[PDB]
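Here is the structure we will look at.
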Amino acid sequence: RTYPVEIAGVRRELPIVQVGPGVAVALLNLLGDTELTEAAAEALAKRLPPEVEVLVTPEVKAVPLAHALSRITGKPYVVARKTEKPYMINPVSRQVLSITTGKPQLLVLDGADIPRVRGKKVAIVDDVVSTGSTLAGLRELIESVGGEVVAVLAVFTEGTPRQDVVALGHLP
Amino acid sequence: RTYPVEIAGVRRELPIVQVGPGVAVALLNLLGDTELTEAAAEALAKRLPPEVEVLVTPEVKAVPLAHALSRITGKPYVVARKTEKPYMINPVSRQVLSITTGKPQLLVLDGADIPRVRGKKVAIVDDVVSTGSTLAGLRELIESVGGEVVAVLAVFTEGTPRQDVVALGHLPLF
Amino acid sequence: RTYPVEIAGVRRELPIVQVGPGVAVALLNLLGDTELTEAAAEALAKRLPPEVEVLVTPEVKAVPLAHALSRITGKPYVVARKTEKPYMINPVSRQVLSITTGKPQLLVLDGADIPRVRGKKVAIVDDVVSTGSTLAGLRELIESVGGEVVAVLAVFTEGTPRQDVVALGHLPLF
Amino acid sequence: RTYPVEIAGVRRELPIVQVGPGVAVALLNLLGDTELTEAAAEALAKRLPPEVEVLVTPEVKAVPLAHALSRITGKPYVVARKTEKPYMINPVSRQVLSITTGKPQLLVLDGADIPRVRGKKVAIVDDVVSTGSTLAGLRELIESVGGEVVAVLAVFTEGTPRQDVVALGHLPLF
Amino acid sequence: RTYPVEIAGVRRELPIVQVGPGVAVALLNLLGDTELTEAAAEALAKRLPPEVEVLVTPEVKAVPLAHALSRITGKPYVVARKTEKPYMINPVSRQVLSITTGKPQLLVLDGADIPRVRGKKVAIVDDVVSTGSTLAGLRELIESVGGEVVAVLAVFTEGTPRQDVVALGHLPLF
Amino acid sequence: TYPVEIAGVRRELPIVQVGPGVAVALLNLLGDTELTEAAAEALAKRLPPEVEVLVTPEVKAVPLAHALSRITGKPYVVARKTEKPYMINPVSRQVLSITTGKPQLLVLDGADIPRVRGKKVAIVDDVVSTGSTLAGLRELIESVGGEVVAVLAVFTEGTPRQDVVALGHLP
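Going line by line, the protein sequences match chains F, E, A, B, D and C. The numbering of the first sequence is the deposited numbering, which starts it at 2 and goes up by one. The numbering of the second sequence is the deposited numbering, which starts it at 2 and goes up by one. The numbering of the third sequence is the deposited numbering, which starts it at 2 and goes up by one. The numbering of the fourth sequence is the deposited numbering, which starts it at 2 and goes up by one. The numbering of the fifth sequence is the deposited numbering, which starts it at 2 and goes up by one. The numbering of the sixth sequence is the deposited numbering, which starts it at 3 and goes up by one.
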């Protein structure tokens with residue numbers, strides 16, 4: 002049915018979704034929930050290890066997180082995408098860098114974004130850091146681009162990965 | 002090379018791509034850019050008709066704007082997508098709405114968002130209204146739901162405003 | 002996935018649930034939707050003969066259409082229920098009028114609403130006229146009490162009446 | 002026998018019953034009574050705090066009250082029920098949220114309705130407030146969603162103020 | 002000792018019965034007078050103001066008047082009594098409402114009759130409307146319950162009464 | 003409770019004991035303009051032409067006898083269960099009485115006595131059960147000067163040893 006969560010005094014009741022069949026897998030949904038998104042951003046900002054330089058987030062529903070967390074902390078963010086995007090082999094998102102992921106997936110940073118991360122202490126930022134699957138792939142992408150991953154932050158964790166995170170909560 | 006725009010005292014040199022025959026407009030990418038997004042939203046916030054009750058966009062580079070517009074305006078926002086998104090045919094983002102487009106496109110509202118937009122004075126917000134071949138279909142998805150588009154907002158118009166708009170500048174085609 | 006419909010101006014995308022193993026629907030309820038209720042009621046009031054003196058609905062969630070139709074038109078409305086609803090074996094209400102249905106169900110008229118029906122010309126009001134498994138029974142309480150049914154009004158139908166229905170539109174399967 | 006009252010220029014003599022054993026309670030039934038209903042709605046709409054954005058009621062007999070109040074205030078209403086309601090098992094009225102309440106009851110709030118309560122300042126509307134455990138329960142339900150209760154309305158407070166309702170009259174116990 | 006009178010062109014000789022010789026009550030009886038009741042009711046029907054929904058008479062000799070008036074006019078009528086009548090504190094004639102009067106009497110609407118009066122435009126019907134206590138008694142009983150008295154119909158008036166009327170003539174006391 | 007039919011018109015006349023017992027279903031014609039009109043036109047077929055005048059007792063039978071009187075075109079007369087306003091002063095003539103097993107003690111108002119004395123009479127009522135009034139009334143109509151050729155009604159109740167070729171029956 003539905004799963005209780007609250008972040009910094011904002012209460013919600015997430016719908017349990019099936020990707021893994023039957024289990025208690027809460028759906029997080031920042032796209033269109035401004036009040037959740039800032040309450041997450043305020044609470045995650047104060048966990049942000051001091052002087053960190055650049056935030057990095059993969060596609061879907063963390064860009065309102067990263068923006069709002071970017072706003073609070075005066076620090077840029079970068080959106081890697083789950084695919085190569087319109088106008089990439091072009092002068093507009095010029096020279097995309099790609100790598101795979103174990104469960105077929107393909108994380109990519111715009112070439113225009115590599116100079117904001119290279120040489121920098123990177124904080125990876127995601128709405129949910131789940132199995133630890135795309136995370137390892139993401140980290141090596143950044144480390145092949147120049148970047149030093151210092152801190153990973155999220156709204157929630159889910160299950161038991163090989164990489165540690167800074168979340169408020171945890172979802173089964 | 003690199004077109005110079007000024008948006009609420011924000012100089013950004015936006016990179017130029019040719020989608021038509023030779024003609025070329027700069028692509029706003031509001032994703033990496035925390036400063037432009039908040040410049041634009043504060044600007045656009047002043048020009049929202051007070052009687053607007055909810056903001057709408059498509060998923061891509063623009064949702065930084067609708068969020069920033071929602072924060073300052075107090076009014077919620079709703080994100081249409083180019084497809085039924087992963088975890089949309091699942092027991093969760095269920096019963097999605099769908100239409101098609103004359104430009105190569107498709108525009109979906111999630112079923113779980115029809116309960117805002119229903120009977121509501123809607124304002125479309127996008128990063129750039131191009132042809133706005135997307136824009137036509139957005140009004141037909143919104144109106145589908147029971148929605149009442151009373152505004153159409155963007156950081157930029159391009160070519161000219163295809164149906165009735167107010168924005169923050171117009172973009173040429175190099 | 003969804004079915005568009007409309008009533009005098011008011012268009013809605015209605016989700017396609019399923020009740021049983023075969024068919025789907027289009028789901029309609031008037032409960033938290035004021036505007037569709039209002040637009041339903043005035044439109045149906047144009048199709049009310051003046052000879053109807055009272056309006057009978059069987060449970061929620063048609064009561065907002067019954068409430069509104071009564072107001073615009075001026076004539077009373079009566080809510081039949083699925084059970085002996087309280088406080089109805091007491092000095093307040095007593096002596097409910099039951100009847101079978103099939104579906105496995107009861108249709109009850111409060112004792113104090115036989116006077117609102119007895120001697121009178123009656124219009125059944127409902128949201129959707131599905132089969133009418135909860136309708137011919139309705140008739141045979143109205144008829145028992147004293148009322149004589151001269152009109153079925155629903156927002157919607159599913160095949161065509163079975164028992165003749167003035168309805169604002171029609172709804173397929175899947 | 003029966004207890005008199007008047008509500009906003011409408012006179013009624015309302016019957017008595019065993020709610021508690023001896024303590025004999027006035028019965029207020031806005032079902033079927035459009036005039037008492039609509040006279041109440043108008044005189045409670047003037048009392049409404051303007052920053053209330055949505056109305057919520059437990060079951061009938063307040064959906065006449067609440068729809069009416071949606072009409073005249075021009076803002077949505079939502080309807081909790083005593084059970085998960087058909088649409089129940091095949092989820093479209095999906096993922097319903099429940100809370101128990103210690104005078105044997107579920108209050109349940111349909112899943113389609115949480116995008117309407119969430120982030121919204123809310124007012125409860127009842128026909129008759131007394132226990133204050135159903136209402137405290139409803140507060141627990143609303144708050145669950147992301148909602149904020151900022152006001153309680155009713156026709157009649159009864160006994161004495163537990164939670165501080167903004168009523169029209171007030172009832173004794175007989 | 003007799004009072005001649007012409008009522009809608011029917012001639013009668015009313016007996017003059019003792020209040021006391023001087024103050025001479027001339028009494029009309031309709032119990033058994035088919036020609037007069039029909040004439041009087043056909044004459045008052047052309048005089049019924051057309052917002053009227055229901056007719057209410059006090060107990061006694063006035064019901065052929067009310068009957069004959071409901072029939073040609075096409076709306077119901079109610080008969081208040083002077084005492085508790087058989088089968089009242091039961092599930093039959095459930096829960097009569099009361100009030101006393103000055104001039105020697107008590108007045109009682111059967112509970113099964115308040116649904117036919119509640120929220121309606123009532124016309125009072127009597128054979129002879131006279132002083133005040135009995136009419137004002139019936140007025141307060143009507144409006145207790147939720148009726149609005151919008152007319153007072155009668156064969157005669159008498160004195161020049163405490164309330165205001167449409168009638169076929171007027172009676173002194175000699 | 004006990005559902006009925008009177009030439010179309012259907013009703014649920016509700017339960018209350020005068021019997022032990024059982025559960026008796028009151029008619030009151032005072033409520034219902036349609037039923038009365040339905041039972042009066044349906045009782046209007048039954049009348050003999052030998053009837054020239056209708057007589058009742060107080061209860062719920064004056065709407066009936068009125069409508070019946072309207073369509074047949076013959077008078078009706080009402081007798082009263084008890085005393086009425088100013089019944090020893092001039093307006094309301096004096097009793098003829100009988101004391102039944104039922105707690106009852108009945109009267110007529112001889113204002114009407116010229117309308118009966120010499121004419122052929124018929125009784126109408128809303129229920130006939132024990133027939134408490136019946137012989138008494140009939141003796142009052144003897145006492146005056148009229149012959150009772152018939153005892154019409156809406157409803158027979160029980161199995162009245164009287165000839166009440168009615169419209170229907172109740173337990």
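Cβ atoms here follow ideal geometry from the backbone N, Cα and C, with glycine treated the same way.
Counting pairs of beta carbons, one from the stretch 56-75 of chain F and one from the stretch 86-102 of chain F, are three or more of them closer than 8 Å? no
Interface flag, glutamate 14 of chain F vs chain B, CB-CB below 8 Å: Sequence index remark: in the first sequence, residue 14 of chain F carries index 13 (1-based). Closer than 8 Å to some Cβ of chain B, the Cβ of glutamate 14 of chain F qualifies, so yes.
Along the chain, where does the beta strand (DSSP E) that runs through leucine 110 of chain D open and close? Position 109 of the fifth sequence, counted from the start, is the residue given in the question as residue 110 of chain D. First-last of the beta strand (DSSP E) with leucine 110 of chain D: 107-110.
Since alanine 41 of chain A is in the alpha helix (DSSP H), which residue starts that stretch and which ends it? Reading the third sequence from its first residue, position 40 is the one you call residue 41 of chain A. Note, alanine 41 of chain A: alpha helix (DSSP H), 35-46.
Under a CB-based cut-off of 8 Å, is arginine 117 of chain E close to chain B? Here the question's residue 117 of chain E lines up with position 116 in the second sequence. Yes, contact with chain B.
Are the beta-carbon atoms of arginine 163 of chain D and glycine 120 of chain D separated by less than 8 Å? Translated into the one-based positions of the fifth sequence, residue 163 of chain D becomes position 162. Translated into the one-based positions of the fifth sequence, residue 120 of chain D becomes position 119. Not in contact: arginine 163 of chain D and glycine 120 of chain D (Cβ atoms no closer than 8 Å).
Who are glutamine 19 of chain B's beta bridge partners in DSSP? Position 18 of the fourth sequence, counted from the start, is the residue given in the question as residue 19 of chain B. BP columns for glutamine 19 of chain B point to B:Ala25.
Buried or exposed for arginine 48 of chain D, please, with buried defined as at least 16 other CB atoms from any protein chain shown within 10 angstroms of its CB. Sequence index remark: in the fifth sequence, residue 48 of chain D carries index 47 (1-based). Under this definition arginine 48 of chain D is an exposed residue.
Coil, strand or helix - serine 99 of chain C by DSSP: In the sixth sequence, the residue the question calls residue 99 of chain C occupies position 97. Residue state, collapsed to three classes: coil.
In terms of DSSP beta bridges, what is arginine 82 of chain A paired with? For this step, residue 82 of chain A is matched to residue 81 along the third sequence. For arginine 82 of chain A, which the question treats as bridged, DSSP gives the partners A:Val109.
Quickly, what does DSSP pair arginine 13 of chain B with across the bridge? List them, please. Walking along the fourth sequence from the start, residue 13 of chain B turns up at place 12. In the DSSP output, where bridge partners are listed per residue, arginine 13 of chain B has B:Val6.
Positions along the stretch 83-112 of chain B whose CB lies within less than 7 Å of some CB in chain E: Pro92, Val93 and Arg95
Tell me, please, whether the CB atom of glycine 120 of chain B is closer than 8 Å to any CB atom in chain E? In the fourth sequence, counting from the first residue as 1, residue 120 of chain B sits at position 119. For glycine 120 of chain B, the nearest CB of chain E lies under 8 Å from its own CB, placing it at the interface with that chain.
Option nearest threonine 35 of chain A by Cα separation, candidates B:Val53, B:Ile73 and B:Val146: Within the third sequence, the letter at position 34 stands for residue 35 of chain A. When each option's Cα is compared against that of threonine 35 of chain A, the closest is B:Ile73.
Assign residue 178 of chain E to one of three DSSP states: helix, strand, or coil. Any property of residue 178 of chain E remains undetermined from this structure, which presents chain E solely from 2 to 175.
Within-8 Å CB hit, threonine 38 of chain C to chain A: Translated into the one-based positions of the sixth sequence, residue 38 of chain C becomes position 36. No, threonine 38 of chain C does not count as interfacial toward chain A.
Distance cutoff 8 Å, beta carbons only. Does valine 146 of chain B sit that close to anything in chain F? Looking up residue 146 of chain B in the fourth sequence gives position 145. Any Cβ of chain F closer than 8 Å to the Cβ of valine 146 of chain B would place that residue at the interface, and such an atom is present.
Going by the CB atoms, is the gap between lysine 122 of chain D and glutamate 149 of chain D shorter than 8 Å? Your numbering for residue 149 of chain D matches position 148 in the fifth sequence. Your numbering for residue 122 of chain D matches position 121 in the fifth sequence. Closer than 8 Å, so yes.
Sorted by chain position, which residues of the same chain lie with C-beta nearer than 7 Å to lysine 104 of chain D's C-beta, five sequence neighbours on each side aside? The residue you call residue 104 of chain D lines up with position 103 of the fifth sequence. The residues are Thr132, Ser134 and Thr135.
With distance defined between alpha-carbon atoms, name the residue in F:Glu52, F:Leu31 and F:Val24 nearest to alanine 63 of chain F. Within the first sequence, residue 63 of chain F is the residue found at index 62, counting from 1. Out of F:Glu52, F:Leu31 and F:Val24, F:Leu31 has the C-alpha closest to the C-alpha of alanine 63 of chain F.
Looking at chain F, which residues of the stretch 67-82 of chain E have a Cβ within less than 8 Å of any of its Cβ atoms? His68, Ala69, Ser71, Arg72, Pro77, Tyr78, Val79 and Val80
Please decide whether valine 61 of chain B counts as near chain A, where near means a Cβ-Cβ distance under 8 Å. For the purposes of this step, residue 61 of chain B is taken as residue 60 along the fourth sequence, with counting starting at 1. At least one chain A Cβ lies under 8 Å of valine 61 of chain B.
How is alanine 155 of chain D classed by DSSP in three states: helix, strand or coil? In the fifth sequence, counting from the first residue as 1, residue 155 of chain D sits at position 154. In the structure shown, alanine 155 of chain D sits in a strand (DSSP, three-state: E or B).
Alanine 168 of chain D - DSSP class collapsed to helix/strand/coil: By one-based count along the fifth sequence, residue 168 of chain D stands at place 167. Strand at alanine 168 of chain D.
Give the residues of chain B in contact with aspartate 114 of chain E, contact being defined as C-beta atoms less than 8 Å apart. As a working mapping, residue 114 of chain E is identified with position 113 in the second sequence. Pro116, listed in chain order.
Close-in-space but distant-in-sequence residues of the same chain around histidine 171 of chain B (CB under 8 Å, 5 per side omitted): Within the fourth sequence, residue 171 of chain B is the residue found at index 170, counting from 1. The residues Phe157, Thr158 and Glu159, in chain order, have a CB closer than 8 Å to that of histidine 171 of chain B in the same chain once the five nearest residues on each side in sequence are set aside.
Chain A contact for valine 150 of chain B (CB, 8 Å cutoff): Residue mapping note: residue 150 of chain B aligns to position 149 of the fourth sequence, counting from 1. Judged by the 8 Å Cβ criterion, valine 150 of chain B is not in contact with chain A.
Residue range of the unbroken alpha helix (DSSP H) whose run includes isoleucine 115 of chain F: Counting from one through the first sequence, the residue named residue 115 of chain F turns up at place 114. From DSSP, the alpha helix (DSSP H) with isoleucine 115 of chain F extends over 115-118.
Are the C-beta atoms of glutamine 164 of chain F and some chain E residue less than 8 Å apart? Locating residue 164 of chain F in the first sequence gives position 163, counting from the first residue. Any Cβ of chain E closer than 8 Å to the Cβ of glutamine 164 of chain F would place that residue at the interface, and such an atom is absent.
Cross-chain neighbours of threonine 35 of chain B in chain A, by beta carbon under 8 Å: Within the fourth sequence, numbered from 1, the residue matching residue 35 of chain B stands at position 34. In chain order: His68, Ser71, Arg72, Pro77 and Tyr78.
Indicate whether at least one CB of chain F lies closer than 8 Å to the CB of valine 64 of chain E. The residue labelled residue 64 of chain E in the question sits at position 63 within the second sequence. Contacts with chain F at 8 Å (Cβ-Cβ) include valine 64 of chain E.
Return the chain-ordered list of same chain residues with a C-beta closer than 6 Å to the C-beta of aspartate 114 of chain A, the five sequence neighbours on each side being excluded. Within the third sequence, the letter at position 113 stands for residue 114 of chain A. Closer than 6 Å at the Cβ level, and outside the excluded window around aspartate 114 of chain A, lie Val79.
Are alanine 9 of chain B and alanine 41 of chain B touching if we call contact CB-CB under 8 Å? Translated into positions along the fourth sequence, residue 9 of chain B becomes position 8. Translated into positions along the fourth sequence, residue 41 of chain B becomes position 40. Yes, they are a contact pair.
CA-CA distance, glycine 21 of chain F and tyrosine 88 of chain E? Sequence index remark: in the first sequence, residue 21 of chain F carries index 20 (1-based). Sequence index remark: in the second sequence, residue 88 of chain E carries index 87 (1-based). Each residue's Cα considered, the two are about 12 Å apart.
How long is the line joining the alpha carbons of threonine 101 of chain B and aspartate 111 of chain B, rounded to whole angstroms? Walking along the fourth sequence from the start, residue 101 of chain B turns up at place 100. Walking along the fourth sequence from the start, residue 111 of chain B turns up at place 110. Roughly 15 Å between the two C-alpha positions.
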